[PDB]
Every structure is written in structure tokens, then in C-alpha cells.
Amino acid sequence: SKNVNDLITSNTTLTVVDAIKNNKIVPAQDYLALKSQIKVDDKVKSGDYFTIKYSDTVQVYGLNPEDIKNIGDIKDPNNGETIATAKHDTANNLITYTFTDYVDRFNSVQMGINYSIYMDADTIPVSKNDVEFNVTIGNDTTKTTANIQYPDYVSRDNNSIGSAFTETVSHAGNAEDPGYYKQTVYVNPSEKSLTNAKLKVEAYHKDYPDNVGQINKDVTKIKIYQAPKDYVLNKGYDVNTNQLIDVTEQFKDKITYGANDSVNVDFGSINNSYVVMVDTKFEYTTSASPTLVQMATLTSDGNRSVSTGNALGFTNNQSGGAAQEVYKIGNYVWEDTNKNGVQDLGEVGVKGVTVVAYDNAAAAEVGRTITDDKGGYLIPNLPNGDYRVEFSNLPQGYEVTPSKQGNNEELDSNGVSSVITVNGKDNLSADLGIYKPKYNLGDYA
């Protein structure tokens, strides 16, 4: 219920990554690596939240807005538990993290983040040195800067053009909805006077026979905007359409679909620049290395034609999909001071206990480990199935607490040997509670 930004501290780095290694920083190709270790005050409790905010020059997804899912819940790599659940509000350049009861059940809470974030060209219309990018974790801001250098538009004689994909959502291997993509074309950014100007956009290139792009009247939608004289177009293709005039309806009879995945827009005589947004559906593919290529060409009287285009590769994540799915079990050996067989707030883990997992039906040992400082353990890479977890090497003088108390199998003790079931998720309920009886030395009289 409370903002605890003031109760977290962090050690953070933000570094631009020249992904293509071409010694130029460009929002469409490059990104930012955010890394942080966050410490949370013990006063923090379940339902409290902290924020991560980021400057106007930063966004948390690139071409695929669905990629926002890559920045999610913060989890403990040592015991599998979720520490805080994440919720995005990109309109407010905000990520909010709400703590789970993890922070009630453990002290000395720490979290790590390792994110790839992106440059937002919205406020970077032109090439500019020392553009600042920053991120604010709780109340602590981290900054870095880069020199942004965009490519020139392409021109031949008085013809000029530029283009970029602005959005791509590929669902390769899916036949019913293969996904969609958008390309924006700048026509006549030089603002020359042209006559009989025509734009041709085509998902065709002789060097890329295997091409998932697709342009036809069935699947393609086109919007056209006119920019006023001297208007400075955004070089990152991040277009503020509210500032332009939507003239799509004046082109209704000027748009012609043609052969081999082409569409033609007849501009006639122009002297303004125009922004053409082409939205279309991917073709279905079984390729595993899908390639998209889409070219744009402007012709006009008395000038040589000029062509540009964009290509992108995709990674067919379905085909193969890393040998099915595996999950982890395990998670907690605690000192059950209560002796109630129930994990209570205030009780803590026991280090150095050996844990072994065997496949109940199959055969035997599928994993083994030892509890850490916090009593936590994990056994990774388990398929669905029934497992016998066995605890051993209890510390001298310790006794096993009553098994399966209460009606909550997540908060009880399993006993040194039990069977748990993995099915589509981690099973972290294989826990053991132990206690130390007072020393009972020698005889009594």
C-alpha cells in the first residue's frame, strides 16, 4: 500500500551497446544494457511497491512491443521464489514492482536486474551529440550519454526517400496468425517540386527468394500524411502524426496493388514531404530463419528513380523450442522452533542439508543439492512427473518436526522422504522442518 522508494538502495550501471559494432549509435540498431543490484530495507512489507522510471529518450521494447514481457517479475535465483511482481505503464515511462510476502518471510532482501532496454527516438529528431539516457531505480538516477548519428536519406537527382520498419510482431510457425509488421516511408524529404511522382513499395528482392513480407489488397493497409513546408521529419521514423495532416482519403483512388507483392501510390505533382505508413501481415513460414525484405522506390519526371528498403531476420522460436520444458522443485529446510510443523514468520532456514530427488516410477537419482545460508535449495531441469525427495545429513542434535501439519502443503514439512508432483510449473513445496531438542546428557538423578 506504500511507496518504499526511500527504503531501497542499489548499485547500477547503464551502458549503450553498439550491437552492430559499426562505431555509430543509432536507435534502430543499438540498445542499452541496464544492470542493478537492489537492496531492500527490512521495514519493507508485502504489498509495498517501488518504481523504476526512465527518461523520455528510453523505452523498454524495440520493434516488437510484445517484448515488454521480457521485463517481468523479480525472482530469487537461489530458491525460485518471486520477490516482486512487475507492472508496466509505458505511457508514464514507469515500471512498478509490488513485493510479495517474500519480504515478510525473509530479512536482508536483495534483488538483481539485468535488462536490455532501448532508445526512444521521439525526442531525438536529428543527429545530436551527448544525448542523455537515464533510469531511476527507486529514487536513485543513473545516466549515460551517446552521440546519435542517423544515416542520410537516399537521393538521386531531385528524388529523395527514406524508410524503416517501425513495428514487427512475427509469430513464425503459426499458420492462423503469422503476425504483422509496419514500415514507414518518407517521400520527398528534400521538399523538391516533383511532377508525376510515384511511390512503389514491394515485398520483393531478387536476392531474397525466401521472404516473409507480403503486400496485397487483402492484407495491406496504407495511411498517408502530408508534412508542412520546412517541417523537420524525425530521423528515427518516430512520427508525431498529430503534427501532420492525414490525407489518406485524398489517395483512395491513387493506390494500386500490383504483381509480385507491390503497391503503387500516385502522388502526381508535389512539393511537400509525405509520410506513408504501410501496415501488412507476415506470410506463414516454416523457415526457422525467416527473413523480411521490403523495398520502396520513388520515380518522377526528369529524375532517375531512387530506391531504398529494409531487411530484418527473425528467429523461429517454435521449431525445436529447446528440448521441451523443464521445471524446478524444492526450496526450504527451516528450524521449526514452534514444533508445529508449520513455516511461521520469524523462523529461518538451515544451511548444509543435503537434498536428493529420484523419479518415483522411472528409476532413481535425477538431482541433488545442499541447502544454502537461508535454508533454500533448488533442483533444476525436471520434466512433469512424480518425484521422491529425500533429505539427509541433518546437523548434529537436530530432530525432524511433525509432518504434513495444517491443510497447506506449501507451509508444512514433508518429512525426510515424500513424493511431490511437477506439472507445468515449479513445485517449491518440498520443504523440511527440523528442531533442536535441549541437550539431554548423561543420566538423570
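Throughout, we count residues from 1 along the sequence that is shown.
When the mean C-alpha temperature factors of 103-111 and 156-164 are read from the deposited coordinates, 103-111 comes out higher.
Per the PDB record, of the two stretches 217-225 and 346-354, 346-354 carries the greater mean B-factor over its C-alpha atoms.
Ranking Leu394, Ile68, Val58, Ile52 by Cα temperature factor from the entry places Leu394 first. You'll see in the entry that, of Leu32, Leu63, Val26, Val400, the Cα B factor peaks at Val400. The PDB entry assigns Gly313 a C-alpha temperature factor belonging to the middle third of its chain's modelled residues. Ranked against the other modelled residues of its chain, the C-alpha B-factor of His88 as given in the entry falls in the middle third. Ranked against the other modelled residues of its chain, the C-alpha B-factor of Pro178 as given in the entry falls in the middle third. Among the modelled residues of its chain, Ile370 has a C-alpha B-factor that falls in the highest third, as given in the PDB entry. Among the modelled residues of its chain, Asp301 has a C-alpha B-factor that falls in the middle third, as given in the PDB entry.
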